[PDB]
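# my complex, first installment, coordinates as in the assembly:
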Amino acid sequence: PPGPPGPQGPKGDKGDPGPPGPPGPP
Amino acid sequence: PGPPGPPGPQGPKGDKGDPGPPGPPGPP
C-alpha cells in the first residue's frame, strides 16, 4: 500500500516592499 | 505501508507591502 502524504511545502517568498510614501504637507 | 510522499509545493509569493508613511511637514 502507498504511504501517507508528504510534509507541508515551504513558505512562499515574502512580498515585495511597498513604494515610498507621499509628500508631507506644505 | 510505503513511506511518506515528497514535500508539498512552495506556497505563493506574499502580497506587496503598503506605501510608506507620509513625509514630514515642510519647513517655513
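Now that the structure is in, tell me what you want to look at. Numbers count the residues shown, from 1 in each chain, chains lettered A, B, ... in the order given.
# center of chain A - which residue?
residue A:14 (3.4 Å; Cα atoms, centre = their mean).
# Surely that residue is in contact with residue B:14?
Yes. Counting by Cβ atoms under 8 Å, residue A:14 does reach residue B:14; the two are 5.1 Å apart. Where you see a C-beta, it was placed from the backbone N, CA and C, and this is true even at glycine.
# got the residues of chain A near chain B?
A:1-26 (Cβ under 8 Å from any Cβ of the partner chain).
# any chance you could map the strands in chain A?
For chain A, applying DSSP state E gives no strands.
# check contacts around residue A:18.
By Cβ atoms under 8 Å, 6 or more residues apart in numbering or on different chains, residue A:18 lies in contact with B:16, B:17, B:18, B:19, B:20.
# go again using 6 Å as the cut-off
B:17, B:18, B:19 (Cβ atoms under 6 Å, 6 or more residues apart in numbering or on different chains).
# and what of residue A:9?
B:7, B:8, B:9, B:10.
# Here is chain C, add it in:
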Amino acid sequence: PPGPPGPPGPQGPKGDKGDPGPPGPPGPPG
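Let me put chain C in with the others:
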C-alpha cells in the same frame, strides 16, 4: 517490502506581506 512512497504533502503557507515602503519626501517649504 514497504510500499511505494505516498502522495505529496499540502501546499506551504503564502509568504508574508512585504514591508511598508520608505517615508515620503518632506513637504514643500511653505
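# Could you re-examine the contacts of residue A:18 with chain C now present?
Going by Cβ under 6 Å, 6+ apart, the list of residues near residue A:18 reads B:17, B:18, B:19, C:20, C:21.
# And residue A:12, by the same measure?
Per Cβ under 6 Å, 6+ apart, neighbours of residue A:12: B:11, B:12, B:13, C:14, C:15.
# make it 8 Å
B:10, B:11, B:12, B:13, B:14, C:12, C:13, C:14, C:15.
# Same question for residue A:21.
B:19, B:20, B:21, B:22, B:23, C:21, C:22, C:23, C:24.
# go on, residue A:2?
B:1, B:2, C:3, C:4, C:5, C:6, C:7.
# re earlier: tell me which two in the contacts of residue A:18 are the farthest apart.
Spanning the widest gap among these are B:17 and B:19, at 8.1 Å by Cβ to Cβ.
# Tell me the residues of chain A that contact chain C?
Checking chain A against chain C by Cβ under 8 Å from any Cβ, the hits are A:1-26.
# Just the buried ones from those residues, in PyMOL syntax?
The PyMOL selection below is limited to those of these classed as buried (16 or more other Cβ atoms under 10 Å in any protein chain shown):
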select buried, chain A and resi 3+6+9+12+15+18+21+23+24
